Structure formats: structure tokens, C-alpha cells
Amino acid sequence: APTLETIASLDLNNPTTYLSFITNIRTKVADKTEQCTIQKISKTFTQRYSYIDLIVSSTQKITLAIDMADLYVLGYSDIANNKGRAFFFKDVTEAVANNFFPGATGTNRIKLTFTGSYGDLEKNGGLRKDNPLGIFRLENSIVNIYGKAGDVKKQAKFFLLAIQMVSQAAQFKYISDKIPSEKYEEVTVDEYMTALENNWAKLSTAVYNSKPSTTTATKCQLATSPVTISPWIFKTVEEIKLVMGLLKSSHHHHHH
């Protein structure tokens, strides 16, 4: 089992640290060079897989399995009856999953019957608009599965919170910046939020395809304006920067 780094940990009883935690994630995976003054995920990593911890107390945390290449959540790990236990998304290959959680062995390595797509998560845990985000919301979703028998509905509700408040919060300033430091306050996930969440690659490509502008703030101008991802109408790269925390990386192998 390779040595994996824990690149960020969220102490859910310290809610004001949330943007510091998100910032750590952006800092760990981002390139040194920006793209139109927007951070972008690095194309390569020495070790692309890593952990992110979500802490409920000194003896209870869930550990996310992460692919830093795209900030995908691949599964998570808890502890049950003193044994380490790992749950992996259905579509995650054995070779990838084998990188994670050396304390989960044998029957405690569990392939879930669903993937991390929002289609699958909402099928099992309800529509995104019915799972509000928030610090305690995330904490409570952890309490409801930690050390417990596997429940797809509650696993899905946890995954909805964790993917949106960790992975896509890092990807989108628009998401991370809505989470209140008032631990018990919640944000409804509306169509403006889902629109961004479902169009991460489309927006990143629009930054990559933009042209250099000697007059504009981001020093870039869209190749084609507007970029419509309804209900958003993006007329400038600046307006894209206001929602983006990280661009998806570009390998420059194909044409856009």
C-alpha cells in the first residue's frame, strides 16, 4: 500500500475553518501557473491519489478517497466494531481502489452498488434541491452512517454533501463561499448551483479557448460570447472567474 497524503482535514466542530480547508485543497492540486488569473488543476502528480478527512470528534471521522487529477471522490472509509472499513463507488477499478485504506481488509472492502454521478446519488438520496448543504448537515450525514450497517439512501445523502462541499466547493468559489460559518445554517441547492456543478468541464474549456486581451482584467476574452449554461449567461471570462475556484486541467491532446 503506497503512502498517501491527507491533503486536507475539516474539523466540523470548527466551522469558520471551512474556507481555509477548501483553500488548502485548491493549493494542493492547483498549478503554479494560472489561466486567465484562474487556478487550474495540475496535469500530473507524483501520487495522484490522496485522502481528505471529515472530522466529527477525536474518535470519529470519515476519510474520503480522492483522485486529485479531477478531484473525484472515489469512496470513503470509516471504522466499525474496531475494524477499518472502506466503501468504493461501483465504477472504481480494483487497481485504483487498491491504493486506498490499508486498514480495510477482506469483507471490509465493499464495492457499492451505485456510482458517484448525480443521477445515481439523487436516485438513492433524493434530488439535490432536497439535500441542503451546511456544516452541521455534513456532520449529521456522517453521524448517520459512521460505524453503521450500509444504507444506500444515507450513504447517498452523505455523498451528496461531501462531493458538493469538498470536491465541487473546491472547483467552484460559487459553492464554497455560500457555506455559512453559522454551523446550523443551510443552503438550498438550486438550479443555479446545479447548473455550475454539471458544467465544470464546459466552463473550463471556455477559459482555455479564450483569446488574450490586452485590455481586460483576466487578460483574456472569450473566443465566443456568451457561454450559456442555463440559467447562466457568461459574457466575459471575468464573470466565469467569479464562480470558478479551479479549472479542470487540459492535457492538450484534443481540439476545442
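One rule holds for the numbers: they count along the sequence shown, beginning at 1.
Higher mean CA B-factor, judged across 247-255 and 4-12 from the recorded values: 247-255. The PDB entry reports B-factors from which the mean C-alpha value can be compared for 134-142 and 85-93; the larger average falls on 85-93. The residue among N198, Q221, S50, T27 whose C-alpha carries the highest B-factor in the deposited model is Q221. Residues shown: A65, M68, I229, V189. Highest C-alpha temperature factor in the entry: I229. Per the deposited record, the Cα B-factor of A217 falls in the highest third when ranked against the other modelled residues of its chain. The deposited CA B-factor of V237 belongs to the highest third of values across its chain. The entry lists a Cα temperature factor for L121 that places it in the middle third of the chain's modelled residues. Compared with the other modelled residues of the chain, the Cα B-factor recorded for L160 ranks in the lowest third. For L54, the recorded CA temperature factor ranks within the lowest third of the chain's modelled residues.
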